[PDB]
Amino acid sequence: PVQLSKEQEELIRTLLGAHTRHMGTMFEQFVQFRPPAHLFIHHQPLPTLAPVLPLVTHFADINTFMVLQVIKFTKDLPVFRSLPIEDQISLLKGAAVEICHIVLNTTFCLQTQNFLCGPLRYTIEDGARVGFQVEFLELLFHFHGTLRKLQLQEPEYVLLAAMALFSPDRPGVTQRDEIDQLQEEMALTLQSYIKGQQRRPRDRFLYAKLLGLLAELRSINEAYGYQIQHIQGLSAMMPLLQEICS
């Protein structure tokens, strides 16, 4: 239980603010994007010979969607807005995918090893179906397990994402200084909360483990950008993501 000065307090109030206003709840709106029926009917996958298309077109639509809210979210960031444009762009491009998995891990069911986004339940065979290579699939669920196991309170989630966003190493940033400091600001403010663990059912090097995962999100953002290309016609559907991953 360490302090959180007058500023760290305000920081976390805007994070969750624009965050509740665009994310963390959007997972329930997934159904509103043409979701194949077997996503409702958990007691059975997609019949071997059912067309794949309906599922894929659903993927794309919800994929493009999350990103649309990873943006809507950042637009309610006085500081993010504060930055120039060649930079605002490059930051999203480097962390939009990374961030989706961040918030998406909160719908992960460690028990069933599935995502539960309202009345929907996604599995790794679904990924397989969409076309994602088995190996990228293994690696992807492994990450999410790791992440979910830490039981990071809500604010511990909203901050982790902030760090992924504000990264100076991103290719394309011009205010590398004004950004590196913001990153530093975020990185510290999180360090605060972690120590104040009211209940200690977790590790001591929780933070140090997270940073390894931010590097996993790096390893992962790059592996995904390639996957939506190996998958014929998938790229073509979500042009937004094509840009983010250009």
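Position 1 is the first residue in the sequence shown; the rest follow in order.
- For the two regions 149 to 157 and 102 to 110, the entry's Cα B-factors average higher over 149 to 157.
- Checked against the record, the higher mean CA B factor of 137 to 145 and 68 to 76 lies with 68 to 76.
- Across 196, 51, 35, 212, the greatest Cα temperature factor reported in the deposited entry is at 196.
- Of the candidates 58, 42, 218, 200, the PDB record gives 200 the highest C-alpha temperature factor.
- Placement of the Cα temperature factor of residue 176 within the chain: middle third of the modelled residues, per the deposited record.
- Sort the chain's modelled residues by C-alpha temperature factor and residue 227 lands in the lowest third, per the entry.
- The deposited CA B-factor of residue 169 belongs to the middle third of values across its chain.
- When all modelled residues of the chain are sorted by CA temperature factor, residue 123 is found within the lowest third.
- Split the chain's modelled residues into thirds by C-alpha temperature factor. Residue 206 is in the highest one.
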